[PDB]
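In what follows, a structure is listed as structure tokens, so that the remarks can point back to it.
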Amino acid sequence: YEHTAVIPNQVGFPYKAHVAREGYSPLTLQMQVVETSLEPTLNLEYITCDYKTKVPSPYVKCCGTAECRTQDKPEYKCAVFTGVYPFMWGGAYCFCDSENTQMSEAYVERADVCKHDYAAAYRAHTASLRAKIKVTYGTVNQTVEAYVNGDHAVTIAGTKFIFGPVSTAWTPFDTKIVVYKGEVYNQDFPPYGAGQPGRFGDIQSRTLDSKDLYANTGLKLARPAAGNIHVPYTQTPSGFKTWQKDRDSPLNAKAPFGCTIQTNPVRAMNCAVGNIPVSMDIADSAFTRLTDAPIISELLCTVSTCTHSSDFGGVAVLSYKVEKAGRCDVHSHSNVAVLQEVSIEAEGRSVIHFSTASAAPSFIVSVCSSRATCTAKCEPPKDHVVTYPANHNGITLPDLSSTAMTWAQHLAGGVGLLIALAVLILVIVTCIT
Amino acid sequence: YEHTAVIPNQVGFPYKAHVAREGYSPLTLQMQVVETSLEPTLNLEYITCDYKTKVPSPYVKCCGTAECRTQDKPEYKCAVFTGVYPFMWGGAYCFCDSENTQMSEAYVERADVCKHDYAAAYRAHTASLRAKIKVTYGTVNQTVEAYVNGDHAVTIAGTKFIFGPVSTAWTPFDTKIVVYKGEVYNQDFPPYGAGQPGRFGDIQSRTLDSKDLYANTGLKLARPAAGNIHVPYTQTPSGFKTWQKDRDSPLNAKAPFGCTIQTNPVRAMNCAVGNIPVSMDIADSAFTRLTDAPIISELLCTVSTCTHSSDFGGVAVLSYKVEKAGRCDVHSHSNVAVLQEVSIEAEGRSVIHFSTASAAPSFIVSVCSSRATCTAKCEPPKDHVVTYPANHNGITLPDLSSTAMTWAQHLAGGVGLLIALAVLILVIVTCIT
Amino acid sequence: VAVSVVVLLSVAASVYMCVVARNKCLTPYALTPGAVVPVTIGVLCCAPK
Ligand SMILES: *[C@@H]1O[C@H](CO)[C@@H](O[C@@H]2O[C@H](CO)[C@@H](O[C@@H]3O[C@H](CO[C@H]4O[C@H](CO)[C@@H](O)[C@H](O)[C@@H]4O)[C@@H](O)[C@H](O[C@H]4O[C@H](CO)[C@@H](O)[C@H](O)[C@@H]4O)[C@@H]3O)[C@H](O)[C@H]2NC(C)=O)[C@H](O)[C@H]1NC(C)=O
Ligand SMILES: *[C@@H]1O[C@H](CO)[C@@H](O[C@@H]2O[C@H](CO)[C@@H](O[C@@H]3O[C@H](CO)[C@@H](O)[C@H](O)[C@@H]3O)[C@H](O)[C@H]2NC(C)=O)[C@H](O)[C@H]1NC(C)=O
Ligand SMILES: *[C@@H]1O[C@H](CO)[C@@H](O[C@@H]2O[C@H](CO)[C@@H](O)[C@H](O)[C@H]2NC(C)=O)[C@H](O)[C@H]1NC(C)=O
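Here the protein sequences line up with chains L, H and M, keeping their order. Per the deposited numbering, the very first residue in the first sequence carries number 1; after that it's consecutive. Per the deposited numbering, the very first residue in the second sequence carries number 1; after that it's consecutive. Per the deposited numbering, the very first residue in the third sequence carries number 371; after that it's consecutive.
So this is what it looks like as structure tokens:
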């Protein structure tokens, strides 16, 4: 049997879909989702960590010079200076007054200790959901898990459920994602040329194994001082260990719709983004043949009390006269409330729990191809806040039954009588002429 | 200095960039494109392979019956049969003629070669172009490798180069393609759970190791005939091999723009569409001081013969005077023609080779801060077909050139003067009012 | 509040229609000096006849 539905994507909200199928007692299905993770795809641009200035030993000579033979390393600057009188532990160094020469160099490598504490920069594209439902109907309720718009149509108990397609793929992601140890951020990372040092992404690498990191670290040498031996270098601080301070604002905080963010892989689960369309090819076996399910007649329902609560406010009891002992599914044919349960051991009395939103629960409640009207006034609650979501999601304000708009129903009145009769009296001198 | 240019995205077309940077010796530069790999981002769901109907030896007995297990396996089929009395290698097997009962069972497991060939249903998306081009400005002849999305841009020879992003985000692909040993097929696939037997996708699995797998191979087993011990079973054959012999349309014979397909990873190559933005951060060191520039007075031009060809058909010698010689440059100041080399050797007179497609070009000249015109008529070539593409990307037919347009210039039409005479004789009709 | 203002304009339109009916029923007794007006005296306050 082919039948579809449109359910909302909210964790824990129990949704009902009622099926009026021929030659069998009517059927009720219930479904609710829990882990609706939007696992996005991903891409890569580069990586970034701290650095280490690999300075070698210094080189001197006694009245003989040298030059900088090149060395294909990253940031291999070098220079050579004169006018040096280098003291040591044993005092003086050599005998050549003002002809001695100094040799030094510097070059920076991706520091080894960042192999396990790194930051990654990603571009990102469209996402795809993963719904995980309990399907809660007359056969021992099973759990299903699916990609919502792969249309990959998992099956349970002889029945083939397809899902989706999901609308607009609304994502809490920009297009320039950056990821740290257990967090994510939205930034504008520099496009593989670090036009500014002392920033984030100051040094880069295509992966953890690429053999050539790129650094615009801004490192120039200096001149050695008078007397002592050392190597003076002045370069900017590490842009990484100074970027880790000014993060201040994860996507974990400013995420809309409450999506919890996780890493390895990046994923956003339990989002209240829109809703889900579903279609069912329902197995013909799991029904019941209507000669066996009892046909209860001569019924009119009642009510007890109503509430604009959230959990389950209104309770309404029903009276019906049995003819054979059995069971039957129940349903409400409108959106103005939902029901706590699915079936009833239908022997005479029946207590059910509904949840109205605002003003007037006009009801059509069904029991095995029997309709019954129901209305009830309400008493609004007294509390302010609760610690759990709502179960009356079908928010509907208005109605018309015996209390709402009734003053308008008496207010309309008047005018037309006056004008019509007044003109049909006007004619009595203006139809003879 | 910074400048921006465009370039047509094909192979072979030499492009010239003639920056007009006053106060210096002028400069043109050449870029030529030697690859365009266009890769999309793969996202697979399942694979395929021929199965193997693996069946164990059948359980036999007389003189009593048995039952069956149905453990967790792919498509566990089994049934017992009442009255199976066989023969054997010699004589018989039981003497319980009305109680000879035989059980049989078989299931489906992926074949041995399923570790070696498949068809991945790739849901690929969001292609991203690449390039391997070479640039030559003054003392440079070196090549470069560039991504063309707006991000990656580094350097060559101490100058900064940036390529892209693209003009029109077009792919020569679809959304839901399939791969094979070396090919690509732009077709649909079953939805991973609608594997109707015999067609494509009769068995599938998320990867090579998803230890549970879908199958709808219509397998059913019947009862054997008397005497011989065996087991019969019927199902449609392994539809993968049927799909092998009716492929009938690869992408390497149908893809547009001649952009050929390769795999591992799945990419396209040499796409002849669109243009590329490009921005240059060019350093000073390539330039030359206008003090040391070749000074050239009284520049003229002329032509010898034109060939309206594909190759560099036009030869135009160039008359120019001299007062001090050096290394000069040359460039065309329209889109109509193109020039062969980027420089001359300044000695008295030069020869250049220019190329066009319109038989009456007026590319003016540009030579070392001296611009002067020369126009030429042309003549179609004796040949019909060639074995190299065009080198004249400015295929712009209508030039004015005062050669065929001069007749339209001789469509002047002083009959407007005649109309003016008509209005004036109307006026002198009116002057006797 | 818009319901309030549309009720006000509608009742004003009704009174306008009613008084215009009264005027178009009464005005043709303006001339003909002897103004002998019948038991329709429920309107048309008595002028010097
Ligand atoms: C505390 O614990 C965490 C969790 O284990 C550690 O984090 C990981 O460190 C390991 C060891 O390096 C990482 O494993 C390596 O990942 C490399 C690349 O990342 C990709 O692959 C992983 C799965 O492996 C994906 O999850 C991820 O998204 C990427 O797709 C792999 O390339 C490495 O594989 C190796 O073998 C191949 C083949 O021989 C080699 O070519 C590789 O070079 C490499 O040797 C390996 O899988 C793991 O990714 C890390 N997890 C993260 C960062 O989340 C921490 O390191 C640990 N703490 C400390 C201090 O070490
Ligand atoms: C099928 O539907 C029934 C509803 O009739 C589901 O039942 C309820 O199931 C949960 C667990 O799934 C029960 O939970 C926990 O039980 C422990 C004791 O084992 C208790 O200490 C916890 O506080 C909690 O109650 C729960 O009791 C049970 N009943 C009610 C009234 O909530 C059932 O889970 C569905 N699925 C299956 C496979 O049966
Ligand atoms: C740029 O310089 C290179 C060599 O420095 C020139 O050469 C190519 O040389 C390699 C040598 O292995 C050959 O394999 C190629 O076939 C050569 N290519 C060509 C087109 O000749 C190259 O020609 C120079 N570029 C110019 C002159 O434009």
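Note that beta-carbon positions come from the ideal geometry of N, C-alpha and C, so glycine has one too.
Please classify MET280 (chain H): is it buried, with 16 or more other beta-carbons within 10 angstroms of its beta-carbon, or exposed? buried
In this structure, does DSSP put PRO232 (chain L) in helix, strand or coil? coil
Three CB pairs or more closer than 8 Å across the segment 355-370 of chain L and the segment 329-337 of chain L: yes
Closer than 7 Å: residues whose CB approaches a heavy atom of ligand 2: L:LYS134, L:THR136, L:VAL140 and L:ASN141
In chain order, what residues of the same chain lie with their CB nearer than 7 Å to the CB of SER205 (chain L), ignoring the 5 residues before and after it? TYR46, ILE47, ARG110 and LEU213
Candidates L:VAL385, L:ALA316, L:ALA225 and L:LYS245, of which the one nearest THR302 (chain L) by Cα: L:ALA316
So, under 8 Å CB-CB, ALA293 (chain H) and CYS368 (chain H) are touching, yes? Tell me the CB distance rounded to an integer number of Å. 7 Å
Using beta carbons (cut-off 8 Å, strictly below), is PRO408 (chain M) in contact with chain L? no
Nearest-residue set for ligand 1, Cβ under 6 Å from any heavy atom: L:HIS116, L:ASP209 and L:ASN264
For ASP292 (chain H), which of helix, strand or coil comes out of DSSP? helix
Please list, in chain order, the residues of the segment 372-385 of chain M that have any C-beta partner in chain L closer than 9 Å. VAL373, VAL377, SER380, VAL381, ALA383, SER384 and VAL385
Give the straight-line distance between the Cα atoms of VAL365 (chain L) and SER332 (chain L), rounded to the nearest whole angstrom. 5 Å
Can you confirm whether the segment 3-19 of chain L touches the segment 30-44 of chain L when touching is taken to mean that 3 or more C-beta pairs between the two stretches lie within less than 8 Å? yes
Specify the secondary structure class of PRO256 (chain H) as computed by DSSP and reduced to three states. helix
Residues that DSSP places opposite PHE163 (chain H) in a beta bridge: H:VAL278
Would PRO265 (chain H) and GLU39 (chain H) qualify as a contact pair, given that the criterion is a beta-carbon distance under 8 Å? yes
Just verifying my parser: in three-state terms, what is the DSSP assignment at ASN186 (chain L)? strand
According to DSSP, is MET387 (chain M) helix, strand or coil? helix
Could you tell me whether the Cβ atoms of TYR93 (chain L) and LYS54 (chain L) are closer together than 8 Å? no
At what residues does the alpha helix (DSSP H) containing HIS410 (chain L) begin and finish? 406-411
Looking at the secondary structure, which residues open and close the beta strand (DSSP E) in which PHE354 (chain L) lies? 349-356
Segments of 3+ residues assigned as beta strand (DSSP E) that fall wholly inside the segment 90-148 of chain L: 101-110, 119-121, 127-134 and 143-147
If you compare alpha carbons, which of L:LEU221, L:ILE133 and L:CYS49 is closest to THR234 (chain L)? L:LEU221
Tell me which residue opens and which closes the alpha helix (DSSP H) that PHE240 (chain H) is part of. 239-244
Closer than 8 Å, CB to CB, is residue 435 (chain L) near chain H or not? Since the displayed chain L opens at 1 and closes at 433, residue 435 (chain L) lies outside it and no answer follows.
DSSP three-state label for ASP284 (chain H), please. helix
With which residues is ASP329 (chain H) paired in a DSSP beta bridge? H:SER343
Span of the alpha helix (DSSP H), counted from its first residue to its last, around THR430 (chain H): 415-430
Starting from the beta carbon of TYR1 (chain H), find every residue of chain L whose beta carbon is closer than 9 Å, and list them in chain order. Ordered by position in chain L, no residue passes the 9 Å Cβ test against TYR1 (chain H), which lies about 16 Å from the chain.
Compute the Euclidean distance between the alpha carbons of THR433 (chain L) and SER374 (chain M), then round it to the nearest angstrom. 41 Å
Since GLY314 (chain H) sits in a beta bridge, which residues does DSSP pair it with? H:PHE354
Anything in chain L within Cβ reach of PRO8 (chain H), meaning under 9 Å, just list it in chain order. The premise fails here: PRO8 (chain H) is roughly 24 Å from chain L at the closest Cβ pair, so nothing lies under 9 Å.
Beta strand (DSSP E) segment containing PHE173 (chain H), residue limits: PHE173 (chain H) -> no beta strand (DSSP E), and no H or E assigned at all.
With distances taken Cα to Cα, identify the nearest neighbour of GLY90 (chain L) among L:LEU426, L:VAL330 and L:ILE229. L:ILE229
Once you ignore the five residues that flank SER57 (chain L) on each side, which residues in its own chain have a CB closer than 8 Å to its CB? none
Report the three-state DSSP secondary structure of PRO398 (chain L) (helix, strand or coil). coil
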